[PDB]
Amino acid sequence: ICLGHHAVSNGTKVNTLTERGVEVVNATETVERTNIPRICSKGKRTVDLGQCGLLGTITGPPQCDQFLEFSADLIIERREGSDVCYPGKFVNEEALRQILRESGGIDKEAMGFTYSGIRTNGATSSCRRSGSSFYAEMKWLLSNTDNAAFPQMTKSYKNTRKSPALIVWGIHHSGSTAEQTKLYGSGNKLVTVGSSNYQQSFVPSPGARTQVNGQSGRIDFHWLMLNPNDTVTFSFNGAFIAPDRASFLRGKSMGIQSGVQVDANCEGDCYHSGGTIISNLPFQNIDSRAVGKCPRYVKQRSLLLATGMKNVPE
């Protein structure tokens, strides 16, 4: 009576500590390469920003009118999205973006700012709605009738909630000094924003910029997190885009950047720009910048794990 083991005609070559190319019976793959070219969001509150930029949801351009108080577990950014209608730029862009991606949505709240002796409905052609409008969450502060002195005002807002608030104001840099005097008046302007953790530091800078959206002026948006029971203050004398409402974070969420369609038929916790990585394997070779609960990215295209005995054919 003889003893022996099984074998196959064509085995699978694997790598060991001593040799590279040892042919065994069976082997499985450990590095994932199959990618689903969709955003698997089955069972998740998903907000596709589309043409709306993530930061715009705080200021409210027209394309973000339906995202002023969104709520989601997964946030998708699109490359065609824009944060601004009037040509502008946020200070600390990626910080505020990373804050909003894991916010679970935003909840707006009227800050309660009243004005006296100053007209407050400044509009532009690039912020089109019914006609010439502006940011839905902001107030372009101007002068009474036209060229006049801007009364040096100061307005405060106390965070009357239990969670920190998102305060966003704006500094307008007109197309020329004469246009700054036309909108606010002559003289050096200044915008002071104060709290307990903040201390800044604003004065406009008029000049000619390249025509973006057909406009030569710019608007610099700024933000801070107001702690509970703490008060924010603004001492300004012209060139001020005041905040109408403040934002409050709802909870937790995931923020991704993608260019593929949304699919509620599949579920996945690992996302990248090209789709979703649905796999049980511990490693993947699709995208190194994949976010969520992903397999750890490796450079190897394939790593065959031996699941059987060494194959010794006759």
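In case it trips you up, residue 1 is the first one in the sequence shown, and so on.
K.L.:
Going by the B-factors listed in the PDB entry, is the mean over the C-alpha atoms higher for 216 to 224 or for 231 to 239?
P.N.:
Looking at the record's C-alpha B-factors, the answer is 231 to 239.
K.L.:
If you take the mean CA temperature factor per stretch, which one wins between 85 to 93 and 198 to 206?
P.N.:
Comparing 198 to 206 with 85 to 93, the higher mean C-alpha B-factor belongs to 198 to 206.
K.L.:
So among 164, 170, 104, 187, who wins on Cα B-factor in the entry?
P.N.:
Going by the entry's C-alpha B-factors, 187 comes out highest.
K.L.:
Hey, out of 98, 133, 71, 154, whose CA B-factor is highest in the deposited coordinates?
P.N.:
Result of the comparison over 98, 133, 71, 154: 154.
K.L.:
When the deposited Cα B-factors of this chain's modelled residues are ordered and cut into thirds, is residue 20 in the lowest, the middle or the highest one?
P.N.:
Highest third.
K.L.:
Could you look up the Cα B-factor of residue 244 in the entry and say which third of the chain it sits in: lowest, middle or highest?
P.N.:
Middle third - that is where residue 244 ends up once the chain's C-alpha B-factors are sorted.
K.L.:
Sort the modelled residues of this chain by their C-alpha B factor and say whether residue 183 lands in the lowest, middle or highest third.
P.N.:
It belongs to the highest third of the chain when residues are ordered by C-alpha B-factor.
K.L.:
Should residue 118 be placed in the lowest, middle or highest third of its chain by the C-alpha B factor in the entry?
P.N.:
Highest third - that is where residue 118 ends up once the chain's C-alpha B-factors are sorted.
K.L.:
Determine, from the deposited record, the chain-internal third of the Cα B-factor for residue 10: lowest, middle or highest.
P.N.:
As the PDB entry reports it, the C-alpha B-factor of residue 10 lands in the highest third of its chain.
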